[PDB]
Amino acid sequence: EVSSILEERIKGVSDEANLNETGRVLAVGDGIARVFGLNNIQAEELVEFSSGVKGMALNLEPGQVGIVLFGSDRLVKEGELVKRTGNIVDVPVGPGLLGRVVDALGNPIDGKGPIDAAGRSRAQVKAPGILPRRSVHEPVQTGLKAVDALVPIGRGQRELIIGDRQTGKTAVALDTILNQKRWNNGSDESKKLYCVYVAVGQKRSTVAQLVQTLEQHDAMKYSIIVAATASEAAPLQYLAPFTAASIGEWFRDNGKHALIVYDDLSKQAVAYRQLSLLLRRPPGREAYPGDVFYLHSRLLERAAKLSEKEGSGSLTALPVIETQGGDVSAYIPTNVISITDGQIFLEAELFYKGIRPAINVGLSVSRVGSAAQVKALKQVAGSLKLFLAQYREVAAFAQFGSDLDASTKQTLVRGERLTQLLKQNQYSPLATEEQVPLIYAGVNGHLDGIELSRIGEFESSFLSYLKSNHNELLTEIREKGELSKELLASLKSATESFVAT
Amino acid sequence: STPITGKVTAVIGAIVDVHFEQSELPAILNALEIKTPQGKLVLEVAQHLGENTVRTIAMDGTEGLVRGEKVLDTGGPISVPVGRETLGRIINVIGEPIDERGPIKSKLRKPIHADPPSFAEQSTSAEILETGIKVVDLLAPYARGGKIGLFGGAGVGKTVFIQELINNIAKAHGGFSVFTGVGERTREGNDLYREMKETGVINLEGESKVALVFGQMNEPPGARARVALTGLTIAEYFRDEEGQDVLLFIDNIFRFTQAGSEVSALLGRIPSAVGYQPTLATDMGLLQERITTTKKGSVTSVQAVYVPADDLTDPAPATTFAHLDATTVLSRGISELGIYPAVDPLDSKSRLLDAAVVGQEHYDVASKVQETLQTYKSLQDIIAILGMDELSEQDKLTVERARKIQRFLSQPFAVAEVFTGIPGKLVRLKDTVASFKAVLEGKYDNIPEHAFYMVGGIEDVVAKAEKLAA
Amino acid sequence: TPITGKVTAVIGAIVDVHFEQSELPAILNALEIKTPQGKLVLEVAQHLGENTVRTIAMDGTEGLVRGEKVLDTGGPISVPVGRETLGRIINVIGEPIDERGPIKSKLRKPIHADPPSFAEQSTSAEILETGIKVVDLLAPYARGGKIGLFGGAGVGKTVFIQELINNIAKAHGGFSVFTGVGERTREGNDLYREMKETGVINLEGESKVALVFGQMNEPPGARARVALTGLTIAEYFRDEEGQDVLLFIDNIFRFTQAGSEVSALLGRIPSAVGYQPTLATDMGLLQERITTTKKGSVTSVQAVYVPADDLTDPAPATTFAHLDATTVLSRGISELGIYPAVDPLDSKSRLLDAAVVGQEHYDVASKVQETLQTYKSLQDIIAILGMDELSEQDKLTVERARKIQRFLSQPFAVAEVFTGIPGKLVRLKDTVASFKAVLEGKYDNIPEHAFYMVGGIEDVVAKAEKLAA
Amino acid sequence: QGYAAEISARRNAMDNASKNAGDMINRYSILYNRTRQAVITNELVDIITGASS
């Protein structure tokens with residue numbers, strides 16, 4: 001049993017070949033080191049310390065070459081020799097990472113046995129061309145009615161989730177992943193997403209709850225969890241987005257779509273700060289490195305939609321930046337905003353107000369406008385944007401105690417009902433078929449006849465009404481994904497039959 | 001100076017130091033080429049550190065670099081291609097296309113270090129651009145020979161704005177445009193490529209009326225920086241030898257700034273106030289000064305700028321405010337209300353607003369417009385706190401004239417048949433001045449606010465009245 | 001190891017040694033420099049190359065003569081663990097501070113540990129009650145949980161922590177560790193006294209506690225490794241015995257803080273805000289060596305001292321990622337005559353949900369947050385205007401919010417003397433009923449001083465009579 | 001009668017506001033000055049970090 005495992009391992013070990021490089025360690029400690037020698041060393045290549053540590057190499061000098069250790073620094077001694085592996089850093093990619101956790105370097109840490117490898121890839125691949133790219137038209141939803149409704153979520157776009165640490169930052173991402181169940185089941189793989197969740201700077205227990213959540217709701221069967229917990233090395237936290245991107249890219253090549261969550265880039269940055277200052281090279285703004293921008297921008301332009309001479313794939317990106325006691329003008333936060341094409345800003349105060357999932361519609365922007373909302377969903381949310389933007393001016397005037405006319409109070413009365421409709425329960429998937437009815441009601445003024453407290457009672461009941469009677473209305477929406485003349489009328493009648501309660 | 005062989009000594013990311021053999025070194029600002037398993041790595045020489053040790057800024061992706069890997073010297077600076085045949089063609093940092101058209105068809109090549117034109121060559125701008133965008137035409141007139149500046153914050157419809165100007169004006173004129181993109185996304189580049197082939201502005205048969213220089217953010221901070229320089233040189237060939245006026249565009253110019261800040265730090269230089277370069281002034285100036293009206297031809301930039309958080313106490317946007325003649329602010333708010341364009345015209349100031357340039361009549365109409373709107377903005381606090389107190393018939397009439405004007409700033413656009421689906425309209429300079437004159441006089445204070453919604457001229461208001469009647 | 005050397009330098013508590021033998025040293029070794037202090041025990045943290053090592057110094061740096069002989073122990077310092085560490089207070093190197101002499105053991109282990117894996121992870125979703133009303137409703141704790149506390153000290157932190165000990169370790173009764181990083185010596189004695197009296201420490205038997213004390217008097221280096229020392233004991237409990245433990249720390253900001261001082265000296269360039277660049281790696285290890293394993297789980301209560309009472313600083317901020325639940329405490333609210341001073345709008349738990357601690361719990365808790373927040377948004381208006389110059393719907397919210405505010409208090413049973421009100425303890429079950437009640441409007445129609453310094457709904461009623469007479 | 005007492009209430013309240021608001025102005029001014037100053041100090045720390053490397 002145990003005797004056999006150990007004897008196999010002795011057979012599996014030892015007997016090294018004639019070496020063609022050397023260098024002698026000197027400085028060493030912090031997970032970081034500096035060696036004297038090394039003239040065949042490549043930048044980013046892997047060097048094998050004779051203690052059992054491996055360290056990639058990021059700075060070369062004609063003095064002392066800086067090889068950043070991965071492994072524990074307590075193993076490493078000075079005056080050891082190191083041997084260049086002779087290959088830059090790479091991971092195996094294959095369909096055997098499905099329903100399993102893998103770490104920084106791409107080996108499983110969940111003990112679910114060896115992965116299935118159909119290729120190897122490299123962590124740096126970079127963005128595809130202008131000609132092998134096509135434009136994004138590709139509907140997708142997050143299972144939050146609010147987010148979908150107000151901002152145009154696509155497949156192949158990058159949208160930055162920003163706001164304060166531990167406000168269910170992770171939780172916001174988890175709702176989207178749960179809701180990505182609906183397309184995965186569907187037969188066609190031109191719909192399927194094999195979502196990859198990257199977790200940097202988080203404790204092991206956070207990750208361990210999250211995998212239980214995923215399996216319980218029967219969503220762990222296309223998901224991949226990549227990890228680099230906060231104890232694990234400063235290089236390995238840096239390598240965690242780049243190797244997630246290579247896993248994501250393999251689906252893209254095959255002509256399948258997937259989605260990449262980078263939670264949090266803010267902690268990747270902090271790692272790189274520790275690394276850059278212990279290679280004692282100048283940082284940029286607020287101690288964060290000078291080449292930190294190069295890291296986020298290169299990465300982010302790889303989640304891209306492909307044209308029809310390629311797979312016709314698209315990796316989608318959601319960055320997440322937790323602002324430490326706010327600040328949106330802080331160096332890592334500013335850089336990422338510029339790189340992303342939209343913001344889905346999450347506001348802390350509104351959480352206590354009872355507007356969970358929390359969003360603030362002015363801090364959330366779309367530069368190029370709507371182009372990735374489901375067409376049905378576009379028709380209903382048509383004046384939703386204009387109402388809510390107006391409600392914010394009117395409300396601020398309204399509560400002062402001053403005198404108001406009936407015209408200003410149509411906005412207040414109208415807005416209050418709209419905001420209350422947005423409220424949803426976290427960890428609850430949603431479908432287009434059941435967000436089209438609710439926005440119609442709200443826009444077309446049938447939620448004013450219904451009292452503010454019972455708007456929540458109403459929602460669950462209205463959709464149930466339809467299951468028994470106007471089950472035809474729901475099917476047309478699922479099947480055609482648009483509202484014609486007939487569908488508007490059908491729905492106008494469907495709202496009327498049940499307005500009560 | 002001359003082709004020599006040096007060996008790499010230190011690779012510190014983008015930063016690459018070389019140790020050329022004794023008495024032999026390249027001069028400052030040259031281009032070194034180093035053989036790499038990823039295109040041809042170009043290194044821009046930026047310092048001497050003594051004993052024939054140069055320190056360079058990268059222009060192409062770094063990876064797999066050995067210390068000891070041979071570095072040739074071109075003998076001169078990075079030399080791009082220019083011509084009236086590179087129009088439609090795409091060019092980047094090392095002058096290669098990234099939509100895979102292979103080697104550029106070159107008439108002539110030129111250096112990207114072109115020292116600025118002198119004061120002797122100067123001429124005074126008197127030619128007047130029309131953008132055909134009413135809020136812009138009336139409240140901050142542009143003049144062709146100008147250095148226009150599209151100040152705005154994040155996600156405010158800057159790309160959509162540039163897309164309308166290029167679609168309309170480039171075809172209209174018999175001049176050229178070169179559209180230059182500094183450190184911007186491959187989603188945007190692919191949209192900007194697709195939409196402008198469709199409209200007939202960029203066309204493969206025939207000579208394209210706007211060239212492209214796509215420099216994108218996946219490339220090095222160094223490599224991104226000197227993309228802007230690359231575009232300028234094409235505009236300079238047009239200005240000089242071809243003798244044609246240029247209608248320049250650069251997009252977004254904060255990307256230019258941000259890149260120089262980063263590389264200032266890596267070179268070892270000491271950063272200035274609020275994380276900005278110490279060399280901030282001169283770098284903007286170099287580009288702006290080259291873009292100018294000479295008796296050779298003009299160069300007229302229209303420059304997008306990213307202004308962090310609608311903040312202008314931040315030094316990098318505020319320094320840039322000086323260089324730019326006829327500012328406009330694309331406020332975030334204006335866009336959301338459903339008013340296209342996103343321009344807020346009480347924060348736009350122009351130096352091209354005289355009263356005999358654009359005539360007396362233009363200045364005076366806009367002056368009344370400025371006041372009329374701002375009194376209404378002033379009364380908002382007053383209704384907010386007091387209620388319906390401290391008002392007058394005079395205030396009521398101003399509030400009403402202003403709300404009619406406020407909804408009279410929206411002009412649909414063809415390149416937003418993708419955002420709202422409402423197609424374009426073109427409004428002449430003389431036409432906007434007249435239509436705004438009519439409202440002020442109060443002849444069109446009987447036509448509802450939403451009957452100025454998504455109109456152009458005067459004809460359009462009367463017609464939108466019939467719709468609401470009907 | 002038989003590696004010997006002489007002391008090149010002695011710069012503060014960060015002595016540097018230079019080895020005269022070519023036998024090469026290893027990282028995380030320990031060296032003893034023979035001192036007139038008996039001996040000084042030091043820890044290699046860096047090798048700087050050329051056999052010049054750089055060593056962290058635990059105890060004093062008065063007496064270290066330059067070019068003074070060393071002998072290299074050859075490895076990490078191992079403390080002593082067991083059940084024979086119970087009822088003893090141990091110093092960083094192991095020494096008794098309560099002087100019941102040498103610490104007995106069966107296992108002596110290295111201070112450092114290697115944080116558990118993803119494979120060794122286990123999960124929890126248990127309900128643990130302190131019995132405190134505000135903590136339970138808004139931020140409920142669990143079994144194996146990691147809790148976080150914030151805001152300054154000398155304002156009720158010690159008392160607050162003492163009270164958490166007074167509830168949780170007598171509702172458990174198994175093994176427990178108290179580890180005090182940079183403890184204030186005059187207070188430390190009050191814990192010693194308090195425990196013996198309350199039956200915890202028992203030295204004519206063995207205690208239900210084991211202890212670690214490191215004082216803030218002590219050189220930076222000792223203060224850094226008080227914490228690691230403590231963790232070795234807790235792991236013994238977690239693993240070998242197979243039982244769940246407790247841990248209390250007042251304050252853990254000190255780990256951070258001490259490491260910041262030594263960093264400048266060591267070779268490291270410190271980040272902006274003067275905090276070490278290594279905060280992340282140190283935090284990462286500590287918070288994953290207190291973790292829910294397959295064996296036991298160490299349910300911990302952590303107290304952070306915050307400088308200028310700002311969370312915008314990177315040291316407090318980076319901690320939040322590793323905490324399941326927080327109960328942020330702000331000095332101002334402590335001043336106002338309200339204890340516990342925990343903010344109700346600046347509290348969170350990942351176990352407060354609509355099926356974790358039940359649906360009733362969630363609805364009550366939700367309502368309080370909505371009510372108080374609106375009131376917070378209107379604080380400007382209320383003061384510049386009046387309280388009938390408000391709109392009518394709001395007048396109900398504002399009035400309701402004021403009652404909750406005075407209600408939030410619950411006199412402490414360990415500071416009963418100092419408040420001047422007897423210590424009150426109430427159940428999670430009693431608390432859900434009491435908040436429910438206020439929200440129903442049941443005993444809303446009675447003075448604001450009636451809800452002032454009292455625990456649950458029952459106490460409120462009893463006091464209306466007291467004011468009435 | 002009602003109408004005079006109403007302008008009088010209006011008068012008492014807007015007079016009081018100017019005083020309460022004064023007290024709030026004074027309080028954010030001390031806060032303003034300090035927050036401006038705190039930022040200059042923080043910029044100096046950043047320069048130091050740079051120069052050391």
# chains A, B, ... in the order shown; residues from 1 in each chain; ligands from 1

call {"tool": "residues_around", "arguments": {"residues": "range 374-388 of chain A", "least_positions_apart": "4", "cutoff": "7 Å", "atoms": "only C-alpha atoms", "output": "number ranges by chain"}}
result
A: 139, 149-150, 392, 415, 436, 439-440, 443, 481-483; B: 337

call {"tool": "residues_around", "arguments": {"residues": "residue 229 in chain A", "least_positions_apart": "2", "cutoff": "6 Å", "atoms": "only C-alpha atoms", "output": "number ranges by chain"}}
result
A: 200-203, 231-232

call {"tool": "write_last_selection", "arguments": {"atoms": "C-alpha atoms", "output": "PDB file, in the first residue's frame"}}
result
ATOM      1  CA  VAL A 200      -6.158  36.107  -6.044  1.00  0.00           C
ATOM      2  CA  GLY A 201      -5.460  37.262  -2.478  1.00  0.00           C
ATOM      3  CA  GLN A 202      -8.304  35.312  -0.940  1.00  0.00           C
ATOM      4  CA  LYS A 203      -8.070  32.734   1.953  1.00  0.00           C
ATOM      5  CA  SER A 231      -0.014  32.905   1.441  1.00  0.00           C
ATOM      6  CA  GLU A 232       1.286  31.528  -1.980  1.00  0.00           C
TER       7      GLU A 232
END

call {"tool": "select_by_dssp", "arguments": {"residues": "range 129-171 of chain C", "states": "alpha helix (DSSP H)", "output": "count of residues only"}}
result
18

call {"tool": "interface_residues", "arguments": {"of": "chain A", "to": "chain D", "cutoff": "12 Å", "atoms": "only C-alpha atoms", "output": "list in words"}}
result
residues 273, 276, 277, 278, 279, 280, 281, 282, 283, 284, 285, 286, 287, 288, 289, 290 and 402 of chain A

call {"tool": "interface_residues", "arguments": {"of": "chain B", "to": "chain A", "cutoff": "6 Å", "atoms": "only C-alpha atoms", "output": "VMD selection string"}}
result
chain B and resid 9 to 12 63 to 67 98 to 99 155 to 157 190 217 to 218 262 265 275 384 387 419

call {"tool": "residues_around", "arguments": {"residues": "residue 50 in chain C", "least_positions_apart": "6", "cutoff": "10 Å", "atoms": "only C-alpha atoms", "output": "count of residues only"}}
result
9

call {"tool": "closest_atom_pairs", "arguments": {"of": "chain C", "to": "chain D", "cutoff": "7 Å", "atoms": "only C-alpha atoms", "output": "tab-separated table"}}
result
residue	atom	partner	partner_atom	distance
C:271	CA	D:49	CA	6.7
C:272	CA	D:46	CA	5.8
C:383	CA	D:20	CA	7.0
C:384	CA	D:17	CA	4.8
C:385	CA	D:17	CA	6.1

call {"tool": "write_last_selection", "arguments": {"atoms": "N, CA and C atoms", "output": "short mmCIF file (atom, residue, chain, number, x, y, z; two decimals), in the first residue's frame"}}
result
data_model
loop_
_atom_site.label_atom_id
_atom_site.label_comp_id
_atom_site.auth_asym_id
_atom_site.auth_seq_id
_atom_site.Cartn_x
_atom_site.Cartn_y
_atom_site.Cartn_z
N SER C 271 7.05 50.17 1.20
CA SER C 271 6.05 50.76 0.31
C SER C 271 5.63 52.03 0.93
N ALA C 272 4.79 52.76 0.19
CA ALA C 272 4.14 54.00 0.60
C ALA C 272 3.22 53.63 1.75
N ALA C 383 -30.89 68.60 11.23
CA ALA C 383 -30.31 69.66 12.02
C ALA C 383 -30.52 71.08 11.38
N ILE C 384 -30.39 71.32 10.08
CA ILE C 384 -30.43 72.69 9.57
C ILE C 384 -31.91 73.21 9.68
N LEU C 385 -32.89 72.34 9.35
CA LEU C 385 -34.32 72.58 9.50
C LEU C 385 -34.72 72.00 10.86
#

call {"tool": "interface_residues", "arguments": {"of": "chain B", "to": "chain D", "cutoff": "10 Å", "atoms": "only C-alpha atoms", "output": "number ranges by chain"}}
result
B: 265, 268-275, 386

call {"tool": "residues_around", "arguments": {"residues": "residue 167 in chain B", "least_positions_apart": "2", "cutoff": "10 Å", "atoms": "only C-alpha atoms", "output": "list in words"}}
result
residues 162, 163, 164, 165, 169, 170, 171, 172, 195, 196, 199, 200, 201, 202, 209, 210, 414 and 415 of chain B

call {"tool": "residues_around", "arguments": {"residues": "residue 467 in chain C", "least_positions_apart": "6", "cutoff": "12 Å", "atoms": "only C-alpha atoms", "output": "ChimeraX atom specification"}}
result
/C:446-452,460-461

call {"tool": "write_last_selection", "arguments": {"atoms": "N, CA, C and O atoms", "output": "compact mmCIF listing (two decimals), in the first residue's frame"}}
result
# COMPACT_ATOMS: atom_id res chain seq x y z
N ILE C 446 -42.90 55.21 24.17
CA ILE C 446 -42.34 55.32 25.55
C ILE C 446 -41.05 56.02 25.40
O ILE C 446 -40.47 55.74 24.34
N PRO C 447 -40.50 56.81 26.34
CA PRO C 447 -39.31 57.56 26.29
C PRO C 447 -38.10 57.00 25.65
O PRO C 447 -37.99 55.81 25.60
N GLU C 448 -37.24 57.88 25.14
CA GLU C 448 -35.97 57.49 24.52
C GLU C 448 -34.92 57.13 25.60
O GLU C 448 -33.98 56.39 25.34
N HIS C 449 -35.02 57.65 26.89
CA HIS C 449 -34.15 57.26 27.95
C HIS C 449 -34.47 55.84 28.48
O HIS C 449 -33.58 55.24 29.15
N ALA C 450 -35.75 55.35 28.25
CA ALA C 450 -36.15 54.01 28.56
C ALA C 450 -35.39 52.99 27.82
O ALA C 450 -35.08 51.99 28.49
N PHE C 451 -35.03 53.25 26.53
CA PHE C 451 -34.21 52.33 25.75
C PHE C 451 -32.70 52.49 25.93
O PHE C 451 -31.82 51.72 25.48
N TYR C 452 -32.30 53.56 26.66
CA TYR C 452 -30.99 54.03 26.92
C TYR C 452 -30.43 53.11 28.02
O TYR C 452 -31.13 52.93 29.07
N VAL C 460 -36.52 47.17 28.91
CA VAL C 460 -37.07 48.47 28.55
C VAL C 460 -38.34 48.87 29.29
O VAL C 460 -38.46 49.90 29.94
N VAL C 461 -39.28 47.85 29.35
CA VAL C 461 -40.48 47.92 30.06
C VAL C 461 -40.28 48.12 31.51
O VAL C 461 -40.93 48.96 32.12

call {"tool": "atom_distance", "arguments": {"atom1": "CA of residue 319 in chain A", "atom2": "CA of residue 108 in chain A"}}
result
24.0 Å

call {"tool": "decode", "arguments": {"residues": "range 314-389 of chain C", "atoms": "C-alpha atoms", "output": "mmCIF file, in the first residue's frame"}}
result
data_model
loop_
_atom_site.group_PDB
_atom_site.id
_atom_site.type_symbol
_atom_site.label_atom_id
_atom_site.label_comp_id
_atom_site.auth_asym_id
_atom_site.auth_seq_id
_atom_site.Cartn_x
_atom_site.Cartn_y
_atom_site.Cartn_z
ATOM 1 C CA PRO C 314 -3.313 49.345 3.398
ATOM 2 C CA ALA C 315 -2.588 47.369 6.580
ATOM 3 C CA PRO C 316 -6.189 47.232 7.842
ATOM 4 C CA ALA C 317 -7.632 47.101 4.290
ATOM 5 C CA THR C 318 -5.788 43.863 3.091
ATOM 6 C CA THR C 319 -7.040 41.967 6.150
ATOM 7 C CA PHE C 320 -10.855 42.217 5.161
ATOM 8 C CA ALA C 321 -10.381 39.650 2.314
ATOM 9 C CA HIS C 322 -9.629 36.882 4.875
ATOM 10 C CA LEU C 323 -12.519 37.577 7.237
ATOM 11 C CA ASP C 324 -15.867 35.954 6.968
ATOM 12 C CA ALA C 325 -17.396 38.532 9.390
ATOM 13 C CA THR C 326 -16.672 42.047 10.709
ATOM 14 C CA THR C 327 -18.096 44.281 13.310
ATOM 15 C CA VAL C 328 -16.409 47.664 12.751
ATOM 16 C CA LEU C 329 -16.267 49.676 16.111
ATOM 17 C CA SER C 330 -15.790 53.491 15.958
ATOM 18 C CA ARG C 331 -14.584 55.568 18.914
ATOM 19 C CA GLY C 332 -17.127 58.321 18.499
ATOM 20 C CA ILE C 333 -20.192 55.980 19.230
ATOM 21 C CA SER C 334 -18.353 54.677 22.406
ATOM 22 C CA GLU C 335 -18.201 58.408 23.529
ATOM 23 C CA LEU C 336 -22.013 58.815 23.012
ATOM 24 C CA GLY C 337 -22.973 56.569 25.909
ATOM 25 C CA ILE C 338 -23.699 53.522 23.741
ATOM 26 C CA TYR C 339 -21.903 50.167 24.493
ATOM 27 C CA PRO C 340 -21.342 48.094 22.315
ATOM 28 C CA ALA C 341 -20.080 50.861 20.114
ATOM 29 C CA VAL C 342 -20.333 48.648 17.037
ATOM 30 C CA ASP C 343 -21.695 50.542 13.995
ATOM 31 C CA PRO C 344 -24.967 48.795 12.640
ATOM 32 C CA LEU C 345 -24.534 50.075 9.158
ATOM 33 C CA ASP C 346 -20.892 49.179 9.082
ATOM 34 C CA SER C 347 -21.275 45.503 9.904
ATOM 35 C CA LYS C 348 -21.310 42.418 7.686
ATOM 36 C CA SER C 349 -21.172 38.683 7.811
ATOM 37 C CA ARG C 350 -21.180 36.084 5.063
ATOM 38 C CA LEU C 351 -23.492 33.918 7.396
ATOM 39 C CA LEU C 352 -26.318 36.548 7.587
ATOM 40 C CA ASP C 353 -28.653 35.201 5.042
ATOM 41 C CA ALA C 354 -32.280 34.128 4.621
ATOM 42 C CA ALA C 355 -31.610 30.460 5.282
ATOM 43 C CA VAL C 356 -28.347 30.457 7.125
ATOM 44 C CA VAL C 357 -29.541 31.892 10.453
ATOM 45 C CA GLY C 358 -33.182 31.721 9.151
ATOM 46 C CA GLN C 359 -35.599 34.010 7.338
ATOM 47 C CA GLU C 360 -37.051 35.998 10.426
ATOM 48 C CA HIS C 361 -33.473 36.969 11.328
ATOM 49 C CA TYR C 362 -32.893 38.373 7.826
ATOM 50 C CA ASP C 363 -36.161 40.431 7.626
ATOM 51 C CA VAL C 364 -35.608 42.074 11.007
ATOM 52 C CA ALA C 365 -31.992 42.746 10.263
ATOM 53 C CA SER C 366 -32.716 44.198 6.783
ATOM 54 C CA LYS C 367 -35.352 46.563 8.184
ATOM 55 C CA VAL C 368 -33.009 48.015 10.828
ATOM 56 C CA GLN C 369 -30.386 48.781 8.140
ATOM 57 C CA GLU C 370 -32.931 50.413 5.850
ATOM 58 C CA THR C 371 -34.432 52.488 8.675
ATOM 59 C CA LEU C 372 -31.066 53.718 10.112
ATOM 60 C CA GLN C 373 -29.580 54.538 6.688
ATOM 61 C CA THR C 374 -32.390 56.821 5.573
ATOM 62 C CA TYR C 375 -31.913 58.509 8.916
ATOM 63 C CA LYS C 376 -28.220 58.847 8.169
ATOM 64 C CA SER C 377 -28.881 60.395 4.743
ATOM 65 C CA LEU C 378 -31.253 62.947 6.437
ATOM 66 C CA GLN C 379 -28.911 64.042 9.272
ATOM 67 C CA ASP C 380 -27.929 67.345 7.575
ATOM 68 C CA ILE C 381 -31.611 68.259 6.877
ATOM 69 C CA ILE C 382 -32.815 67.325 10.339
ATOM 70 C CA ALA C 383 -30.312 69.663 12.015
ATOM 71 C CA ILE C 384 -30.428 72.690 9.565
ATOM 72 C CA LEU C 385 -34.316 72.578 9.496
ATOM 73 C CA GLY C 386 -36.612 70.949 12.111
ATOM 74 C CA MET C 387 -38.204 67.557 12.474
ATOM 75 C CA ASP C 388 -41.725 68.505 11.292
ATOM 76 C CA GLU C 389 -40.210 70.374 8.267
#
